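What follows is a single chain, given as structure tokens, in the form deposited without adenine (ADE).
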């Protein structure tokens, strides 16, 4: 009845965040890195369909996936590489926040989503900076101890963001909703040596919805934010409006 954890991330088997978390979890659970071989912060919920995947296994046992996305890593971990199957997926600790409408772009979150059907809700854990990995590890371990203490009935993935603060300064925990940003609009051009313009994706838009119940607000104020996530992208509140619109413009109806 020791927890079997598939530990993945967005930064690969080596990032200090995953290495720090690995050390911490091994104190009380059996841990298998199934993680990328190398930075996939771009990756979102991408996965490899047109190619087979190769691993490689470091001397310390860190199962790793060549050119693997975080979702690839977790899918292979759960369905092939782990035996017996993991009880839970943990993804992190990510160096940097995964907050607001950024979460759909997050590989850290994606790895957790890929573990959503396991016995325990998956955890994605992101540190709001690069200093206090131990704070994020302590928060993760508390959550894991909670799950063993008592099952979480509703909510299949928890998106956890930890303030980059010494643990003593973390004020508590807040259950939050995702905030949002204004549209990101910047493109940074840079010419190559031959004078061709290449384009970088610019920084995220300014915060739009960062009210007190948001993940943004909780982290800014020094709380751990926990947002339950799901994968259903249906905008349920739009249903009647879209239906009425179609009727009004006569699309899909003769009359």
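Positions refer to the first chain, counted from 1.
Heads up, the form deposited with adenine (ADE) bound isn't pictured, but that's what we're talking about next.
Novice: Of 61, 203, 189, 212, which one comes within 4.5 Å of adenine (ADE) in the deposited complex, counting heavy atoms only?
Specialist: Checked against the cut-off, the match is 203.
Novice: Heavy atoms within 4.5 Å of adenine (ADE) in the deposited complex: which stretch among 165 to 173, 145 to 153, 80 to 88, 100 to 108?
Specialist: It is the stretch 100 to 108.
Novice: Using heavy atoms and a 4.5 Å limit, would one call residue 178 a contact residue for adenine (ADE) in the deposited complex?
Specialist: Close contact is absent here: in the deposited complex, residue 178 is far from adenine (ADE), nothing within 4.5 Å, heavy atoms only.
Novice: Closest heavy atom of residue 184 to adenine (ADE) in the deposited complex, within 4.5 Å or not?
Specialist: Flag for residue 184 set to yes.
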